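Cβ: placed from backbone, ideal geometry, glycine included. Neighbour counts: every protein chain shown. All of the numbers you see were taken from the coordinates with simple rules; none came from a lab.
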Amino acid sequence: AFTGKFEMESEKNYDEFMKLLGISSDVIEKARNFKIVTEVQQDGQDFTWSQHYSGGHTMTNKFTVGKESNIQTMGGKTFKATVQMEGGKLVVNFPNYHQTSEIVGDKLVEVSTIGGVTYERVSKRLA
Ligand SMILES: C[C@H](CCC(=O)NCC(=O)O)[C@H]1CC[C@H]2[C@@H]3[C@H](O)C[C@@H]4C[C@H](O)CC[C@]4(C)[C@H]3C[C@H](O)[C@]12C
Ligand SMILES: C[C@H](CCC(=O)NCC(=O)O)[C@H]1CC[C@H]2[C@@H]3[C@H](O)C[C@@H]4C[C@H](O)CC[C@]4(C)[C@H]3CC[C@]12C
């Protein structure tokens, strides 16, 4: 149950990480300067995050954890894989991608891998 409103303030390897994944400039220009917000909603197996960035564009995804072909990017591009829970933390696995998504303490903490190279992110809640 990841639900809430969270503000980000940490980006590590950000400009290279988001390019490799397939952001041209759109989300990364907004993240480096303004640092992204979100509103999350989890209904057991069913999941939704909605994110918002500087000019007040929305990007959402809605998927069922352990189900496939409903999951989409910061840009909102759809993909097919199996999102998995392990210790209550959400992960996908790909040839080119991996990541893991969790709550530590009261703070929200994410650690990600593309092409074998690492990203990590940090956020504070105010729901
Ligand atoms: C507000 C931002 C948005 C990320 C973004 O779009 N950044 C562009 C960039 O990284 O440059 C992040 C910070 C940490 C994220 C959370 C962490 O992964 C932990 C936690 C993981 C859950 O599985 C789903 C909700 C969420 C709260 C995540 C939702 C949302 O994703 C958050 C709270
Ligand atoms: C940073 C990556 C990818 C960004 C990207 O590929 N952008 C391409 C584009 O913008 O064109 C983000 C975007 C959306 C994310 C997924 C969606 O938010 C849904 C899902 C949520 C769980 O916390 C973790 C797994 C999972 C499945 C997320 C894994 C990391 C993804 C795939």
Quiz item: Given (1) more than 9 Å from ligand 1 (Cβ to nearest atom); (2) surrounded by fewer than 16 Cβ atoms within 10 Å (Cβ to Cβ); (3) touching a residue at least 24 places away in the same chain (Cβ under 8 Å), where does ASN33 come up short, assuming only one miss?
Solution: (3)
Quiz prompt | Positions within the stretch 11-34 being more than 20 Å from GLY56 (Cα to Cα), more than 8 Å from ligand 2 (Cβ to nearest atom) and out of contact with any helix residue (DSSP H, G or I) (no Cβ under 8 Å at 6 or more places or on another chain), in sequence order | solution = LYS12, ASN13, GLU16, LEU20
Self-check item: the stretch 72-95 - residue that is under 18 Å from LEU20 (Cβ atoms) and free of Cβ contacts under 8 Å to residues at least 40 places away in the same chain and, of those, surrounded by the most Cβ atoms within 10 Å (Cβ to Cβ)
Solution: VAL92
Exercise. Give the residues of the stretch 56-103 that are within 10 Å of ligand 2 (Cβ to nearest atom), assigned to a strand (DSSP E or B) and hydrophobic (A, V, I, L, M, F, W, C), sorted by residue number.
Key: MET59, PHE63, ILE71, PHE79, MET85, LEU90, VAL91
Quiz item: Could you say whether any residue in the stretch 38-55 is farther than 17 Å from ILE103 by Cα, assigned to a helix (DSSP H, G or I) and more than 8 Å from ligand 1 (Cβ to nearest atom)?
Solution: no
Quiz prompt | Those residues of the stretch 101-121 which are more than 16 Å from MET18 (Cα to Cα) and out of contact with any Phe, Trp or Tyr (no Cβ under 7 Å at 6 or more places or on another chain), in sequence order | solution = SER101, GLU102, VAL104, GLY105, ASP106, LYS107, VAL109
Quiz prompt | Condition met for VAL109 (free of Cβ contacts under 8 Å to residues at least 12 places away in the same chain, of a type in the set (A, V, I, L, M) and out of contact with any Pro (no Cβ under 9 Å at 6 or more places or on another chain)) | solution = no
